[PDB]
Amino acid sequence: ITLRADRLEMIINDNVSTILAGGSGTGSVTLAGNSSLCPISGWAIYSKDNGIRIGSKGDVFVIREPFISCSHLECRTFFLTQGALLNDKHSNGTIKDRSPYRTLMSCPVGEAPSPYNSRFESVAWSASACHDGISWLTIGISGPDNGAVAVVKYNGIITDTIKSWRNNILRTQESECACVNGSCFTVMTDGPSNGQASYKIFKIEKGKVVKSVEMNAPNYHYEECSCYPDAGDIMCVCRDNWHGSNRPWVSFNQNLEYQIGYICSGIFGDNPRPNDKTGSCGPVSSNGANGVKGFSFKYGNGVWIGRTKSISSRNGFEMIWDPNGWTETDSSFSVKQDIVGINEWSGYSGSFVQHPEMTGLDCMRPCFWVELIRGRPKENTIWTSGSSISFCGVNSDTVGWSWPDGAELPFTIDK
């Protein structure tokens, strides 16, 4: 009697505290992160926000990198803004990219990013964010180029900082971090963008850096990593801004033991890039300098590559299933799904996942977002912004099309 009566008092007191936290929005169980990526045959459109069309009249932030990340209850678009609205003089893009005005904010997926529906996350000109099942982890880097500091928040509260260890533009994913069993993982770079730099993997629990490792990656270059969990490890597919037209990757376990390489497919994933031809398992130097944030999903030895359609500018977007492309160098693939037509503006892209705790599936669902960049330098405006579209992978019927930005430039402020 005393055992069962004391057992009920703990269950009530515990569950009540859980219920009170869940009212404020905090979850009760961490995401396991141990399932493998879902079998899929194609991509179904998930969101489009029409941000720039709406901001022609509405009160909408000029934004960059609208990356998506999901809790176990909702999916949000995170983004960076200079704290200026479309069609206002402050959106003038002469301001440096790494400015003290730059902030990380977020809004529900598919909504135009407005001061009236957007939540403040961090002061940031480079950022990452992800949810561990319990609270949002946000990482916002600000400060001078020679001593930037990433401010780490868990549930909106500052929990750690990470300072530049090379004094040369500390910078991170610009898409979601990856969470497995209560630890979240990101990659940061410090150093040249046109030469060998330094790359670190961070393991973060409740917003505290609990472990970091510097990658030994001579002749590799890592920027703006798209990282996802897969079977309890983390895979990141990144941008080589130094001398790679194919993408670098790094994978690691929860102890930060890692492996590195480049995607071998002759279907080169970066922009700019050469025309497809025999590829390489190291960096493809032809047109390899500069780049664009991107992603890929590894399935065995095959790979789903998302990439621009143009080899030379950020135009079009397509998904390509290359069944041996992770490890083999040919430029043959078996499935292409159009996402944005060749003549249409595209831009950054990144992975995001939906965990089984949210979907009810027994596998890790892969998704991706694309940023559709409008304005300077390609168009005669004073401003630059992106809108977004996103897709999730499904094992059912899908279709290719073109879902472009659709705004008519210039705007009023440009005259």
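Each residue number is its position in the shown sequence, starting from 1.
When 300 to 308 is weighed against 67 to 75, 67 to 75 comes out higher, by mean CA B-factor as recorded in the entry.
Look at the mean CA B-factor for 33 to 41 and for 345 to 353 in the entry; the higher one is 33 to 41. Per the PDB record, 257 has a higher Cα B-factor than any other of 257, 111, 176, 270.
Ranking 28, 380, 56, 47 by the C-alpha B-factor listed in the PDB entry places 28 at the top.
When the CA B factors of the chain's modelled residues are split into thirds, the value for residue 3 lands in the highest one. Among all modelled residues in its chain, residue 398 ranks in the lowest third by Cα B-factor. When the modelled residues of the chain are ordered by their C-alpha B factor, residue 407 lands in the lowest third. Looking at the C-alpha B-factors along this chain, the one for residue 85 belongs to the lowest third. Annotation for residue 253: CA B-factor lies in the highest third of the chain's modelled residues.
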